[PDB]
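Engineer: Experimental coordinates follow, after the sequence.
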Amino acid sequence: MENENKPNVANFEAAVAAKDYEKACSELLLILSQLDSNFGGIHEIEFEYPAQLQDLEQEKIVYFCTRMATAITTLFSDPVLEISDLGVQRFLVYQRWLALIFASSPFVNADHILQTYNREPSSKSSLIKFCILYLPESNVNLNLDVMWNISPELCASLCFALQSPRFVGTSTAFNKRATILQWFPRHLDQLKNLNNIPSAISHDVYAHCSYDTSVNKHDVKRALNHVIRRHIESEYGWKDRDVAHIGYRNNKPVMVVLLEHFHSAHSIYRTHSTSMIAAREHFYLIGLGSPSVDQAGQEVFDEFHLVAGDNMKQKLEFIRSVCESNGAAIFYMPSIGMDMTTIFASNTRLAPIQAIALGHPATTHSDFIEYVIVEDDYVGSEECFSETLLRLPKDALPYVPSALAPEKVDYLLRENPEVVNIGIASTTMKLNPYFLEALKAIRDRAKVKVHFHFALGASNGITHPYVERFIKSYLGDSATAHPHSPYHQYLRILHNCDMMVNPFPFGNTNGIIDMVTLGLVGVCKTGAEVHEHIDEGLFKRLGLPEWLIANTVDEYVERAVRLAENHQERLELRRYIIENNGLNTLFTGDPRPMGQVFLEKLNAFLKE
Ligand SMILES: O=c1ccn([C@@H]2O[C@H](COP(=O)(O)OP(=O)(O)O[C@H]3O[C@H](CO)[C@@H](O)[C@H](O)[C@H]3O)[C@@H](O)[C@H]2O)c(=O)[nH]1
C-alpha cells in the first residue's frame, strides 16, 4: 500500500510480536537491504531512541544493533518460523549485515539462537535457519563435507556468505574464511551454474580472497571462473568471437577497454589513465563503462560508450557487439574484480589479445586472459600469476596527483616524545590477526610507550563498533580506532603521529603517498604477491631505506620497534624524506611502453 517498502525498526518489531512471520521476514529483509546500500549506515532506516543517545552516534548505533539482535532472536528461535528457499537466498546475501548486527551488539554472535535448534541434549528450515545465522563470529562447529552431501548448493551459498564480509580481522572470522579458501574451491568447481547460489556477492568472493595470508588464496577464483564460463554458455548462449581477423579505425588497430570504478577522483584513474592515453599513439581506444566515469575519465579514450543491458547477458552482448563491430584486437581491463561485468567478460573471448592491469592486485586465473600489465618494481614472484606478466619500466605508469593534495605543510618532528604515536592507514579488509598480533608485539617489545592511531576506511555505521572491539582486544588503551574521516581530518590524524605502519599481507599505495606527503617514515613488509611488493617498490621510488622494508613478520616487528625507540634516527630519516622526497617521480615518466608492447604482441600474432 504505502511506505510498504520503507525500512522501519518498529514495524519489524511489531511483526515479530504479532508472530506474522511473513511480514517479520520481509521487514527484516528491508532493513538488511538498506544496510547493504548504505555500506552499514543506519541512516535511511527509521527508528527512535532515548534522548540520551541523540549526540552519541556510536552508542546510537550499538542501540540499533541490540534492538535488531533481540528481535531477530525472538523470530528465529520460534520453531514455527519457516523460510522460503528464496528467503534463504536473500537472507544469506545479507548474512554479513546480520553478522555486523550481532557483532556490534553486546551479543557478539547468533549462537544463542543456534543452540535452540538442538533437539538432542530437525527440519530443512532448521538447517536453512542454522546456515542463515552461522555467522563469521560463530563458535559453533560445522563440518563442511557433511554439509556438502546434505546440500551442495546450500553449503556453497554459506561459503559465499562467509567470504562476503569486508572486515574479517577476528581470528574467529579469519579462520573460517581461510578454511573456506582451502576447502571450497574444489567443491565450487563441481557446480554447473550460478542459479541457486548467492550470485550477487560473487565479485566480493572473487576479490576478498586476496586479503588472506595463504599462498593459494586465489584458488577460489579459477573455480568461480569455470562456473561463470559454464553459466554464460548454458544460460546466456554465449558464443565467443572470431578473433582471427582484426579491424582498423583511423588506420590503427582497435583497443576496447572495459572500465571499473574509473572516476577521475580515484586511484584507478590516477594510476592507469596516463598509460591508456599514450596507447593511442598506436591504437584506437574505445572505452566501455558506467555513467560513474566522469568527463575526464571518458576523455582518456578516442570513443566512450555506456555498457548497455539490464542483465549480464545483454551487457556481455554489448561488449561483444562493439568488439565485433570494431574487430577489436586488444581487450583491456585496468581493474578486474570490483564489478562482476569485468569478471564475466574475463571468461569470454572478444579479441585476440586480452589483458588486465592490477587495479585489483590479483591474478584472474582465467584462460582467456594472456597478459598482465604491471610495473617491474612491484613484482615479487611471477609465479603468483596465471597470466604472463607484462612487466613495464618503473616510469611506465605515471600517476595523476589528486586535486585534494595539500599545497602547504607543517612538519612536526617531535624530539624524544614520551609516547610514540604510530599511524595505521588501513581499510577493514586489510585487517587480520597476523597484522594485529605483530602490532601487539611492537607495543610489548618496545622500550618506549607507543600508541597506534588507526585511520580506518569502510569502518562506518555498524561496522566500526565491531572493529573497535577487535583492535582493543589486542592493544586496548594503546590504540585508538578512528572511523572513516574526510581527507583533511584523515591527514590530521596522521599528522599527529611520529611514524606509521601498514598491514603486511596487503600493502598500501595511497597510504604511502600520504605518509610521504606529511614527511613521515614507516615500516612495511614485502612479499611475493604484487599487493605485498608495491610497498617495497614505492618505498624505493620515494627514497626509503631498505631497512624499513621487512621480509618476515619478525623483522617487521624488529624494525618498527627500532623506529619507535631511536628518536633521533627516526627524525634524521624524516628530515631526509622532507628534503628529498621523490613524490614528483611518481607523477613523471614515459607512459608509452604499454601501447608499444601491445602492438608488438599483436603484430607477431597477425603475422603468424
Ligand atoms: O578515514 C579515511 C581513510 C582513508 N581515506 C582515503 O583513502 C585512501 C587510501 O585508500 P586505499 O584503499 O588504502 O588505497 P591503496 O590501498 O593505497 O591503493 C589500492 O588501490 C589501488 C588502485 O589503483 C591499487 O592499485 C592498490 O594496489 C591498492 O592497494 C587515502 O588516500 C585516503 O585519502 C580517507 O580519506 N579517510
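Structural biologist: Here it is on my side, so go on. Residues are numbered from 1 along each chain as shown.
Engineer: And the closest residue to residue 318 other than its chain neighbours, how close does it get to residue 340?
Structural biologist: Nearest non-adjacent residue to residue 318, counting by Cβ to Cβ, 6 or more residues apart in numbering: residue 308, 4.8 Å away. All C-beta spots, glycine's among them, are computed from the backbone N, C-alpha and C. Here the criterion is Cβ to Cβ, to the nearest Å. By it, residue 308 lies 16 Å from residue 340.
Engineer: So which of those two has more stuff around it?
Structural biologist: Neighbour totals were compared for residue 308 and residue 340, and residue 340 leads with 19 against 13 (other Cβ atoms under 10 Å).
Engineer: what residues are up against that one?
Structural biologist: Contact analysis of residue 340 by Cβ atoms under 8 Å, 6 or more residues apart in numbering lists 202-203, 312.
Engineer: How about residue 351?
Structural biologist: Residue 351 sits in contact with 241, 243, 246, 256, 323, 328-331, where contact means Cβ under 8 Å, 6+ apart.
Engineer: in the protein, which residue is closest to the centre?
Structural biologist: residue 208 (5.4 Å; Cα atoms, centre = their mean).
Engineer: Distance check, it against residue 220.
Structural biologist: 10 Å.
Engineer: for residue 570, same thing?
Structural biologist: 41 Å.
Engineer: Neighbour count for those two, which is higher?
Structural biologist: residue 220 (27 against 21).
Engineer: measure that one to residue 204 for me?
Structural biologist: Following Cβ to Cβ, the distance that separates residue 220 from residue 204 is 11 Å.
Engineer: Quick check: neighbours shared by these two?
Structural biologist: With Cβ under 8 Å, 6+ apart, residue 220 and residue 204 have common neighbours residue 163.
Engineer: OK, contacts around residue 47?
Structural biologist: 8-10, 64, 67.
Engineer: a markdown table please, covering these and showing distance to residue 302 and neighbour count.
Structural biologist: Listed next are those as a markdown table, based on distance: Cβ to Cβ, whole Å; neighbours: other Cβ atoms under 10 Å:
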| residue | distance to residue 302 | neighbour count |
| --- | --- | --- |
| 8 | 50 | 15 |
| 9 | 52 | 19 |
| 10 | 55 | 12 |
| 64 | 50 | 23 |
| 67 | 55 | 18 |
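Engineer: So which of these is the closest to the ligand?
Structural biologist: residue 64 (21.7 Å; Cβ to the nearest ligand atom).
Engineer: Now that closest one. Nearest residue, chain neighbours left out?
Structural biologist: Going by Cβ to Cβ, 6+ apart, residue 64 has residue 42 as its nearest residue, at 5.1 Å.
Engineer: thought that neighbour was touching residue 61?
Structural biologist: Yes: using Cβ atoms under 8 Å, residue 42 is in contact with residue 61, at 6.1 Å.
Engineer: coming back round to it: element containing the residue nearest to residue 64, please.
Structural biologist: For residue 42, there is no host helix or strand (DSSP states H and E).
Engineer: That one and the ligand, how far apart?
Structural biologist: 19 Å (Cβ to the nearest ligand atom, to the nearest Å).
Engineer: What count of nearby residues applies to that residue?
Structural biologist: Count around residue 42 with other Cβ under 10 Å applied: 23.
Engineer: got it, and residue 164?
Structural biologist: 25.
Engineer: In contact with it: list those residues for me.
Structural biologist: Neighbours of residue 164 in contact, by Cβ under 8 Å, 6+ apart: 93, 95-96, 198, 201, 204-205, 208.
Engineer: ditto for residue 104
Structural biologist: 61-62, 65, 462-466.
Engineer: Kindly recompute the last result at 10 Å.
Structural biologist: By Cβ atoms under 10 Å, 6 or more residues apart in numbering, the residues touching residue 104 are 40, 58, 61-62, 64-66, 68-69, 461-469.
Engineer: for residue 88, same thing?
Structural biologist: 95, 124-125, 127-129, 131-132, 154, 157-158, 196, 198.
Engineer: And it, how close does it get to the ligand?
Structural biologist: Residue 88 is 33 Å from the ligand, where distance means Cβ to the nearest ligand atom.
Engineer: quick one: secondary structure of the residue of the stretch 1-150 of the chain found nearest the ligand?
Structural biologist: Of all residues in the stretch 1-150 of the chain, residue 39 sits closest to the ligand, at 13.3 Å by Cβ to the nearest ligand atom. With DSSP: H, G, I helix; E, B strand; the rest coil as the basis, residue 39 sits in coil.
Engineer: Could you give the number of residues near the closest residue to residue 280 other than its chain neighbours?
Structural biologist: Counting by Cβ to Cβ, 6+ apart, residue 280 lies nearest to residue 302, which is 6.3 Å off, once chain neighbours are set aside. Neighbours of residue 302 under the rule other Cβ under 10 Å: 16.
Engineer: Confirm for me that residue 302 is in contact with residue 281.
Structural biologist: No: Residue 302 lies out of contact with residue 281 (Cβ atoms under 10 Å); the separation is 11.6 Å.
Engineer: what residues are shared contacts of those two?
Structural biologist: Joint contacts of residue 302 and residue 281 (Cβ under 10 Å, 6+ apart) are residue 252.
Engineer: residue contacts, residue 81?
Structural biologist: 19, 21, 24-25, 74-75, 125-126, 129.
Engineer: Let's have the residues you listed in JSON lines, adding secondary structure.
Structural biologist: Formatted as JSON lines, the contacts of residue 81 follow (three-state DSSP):
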{"residue": "19", "secondary structure": "coil"}
{"residue": "21", "secondary structure": "helix"}
{"residue": "24", "secondary structure": "helix"}
{"residue": "25", "secondary structure": "helix"}
{"residue": "74", "secondary structure": "helix"}
{"residue": "75", "secondary structure": "helix"}
{"residue": "125", "secondary structure": "helix"}
{"residue": "126", "secondary structure": "helix"}
{"residue": "129", "secondary structure": "helix"}
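Engineer: Which helix or strand contains residue 314?
Structural biologist: Counting by DSSP H and E, residue 314 is part of helix 312-326.
Engineer: wait, residue 523
Structural biologist: strand 522-525.
Engineer: Could you identify the helix or strand that succeeds that strand?
Structural biologist: Downstream of strand 522-525 (by DSSP H and E), the next one is helix 530-542.
Engineer: buried set for that next one?
Structural biologist: By 16 or more other Cβ atoms under 10 Å, the buried positions in helix 530-542 come out as 530-539, 541-542.
Engineer: same for the helix or strand residue 468 falls within, what does it pack against?
Structural biologist: In this structure, residue 468 is located in helix 463-475 according to DSSP H and E. If you count contacts as 3 or more Cβ pairs under 10 Å, 6 or more residues apart in numbering; DSSP states H and E, helix 463-475 packs onto helix 57-77, helix 95-103, helix 171-188, helix 433-445, strand 449-457, strand 479-482.
Engineer: quick one: the fourth one to strand 449-457, angle?
Structural biologist: The directions of helix 433-445 and strand 449-457 differ by 160 degrees, with axes from the mean of the first three to the mean of the last three Cα atoms, to 10 degrees as the criterion.
Engineer: quick check: angle from helix 433-445 to helix 463-475?
Structural biologist: Going by the same axes, to 10 degrees, helix 433-445 makes 50 degrees with helix 463-475.
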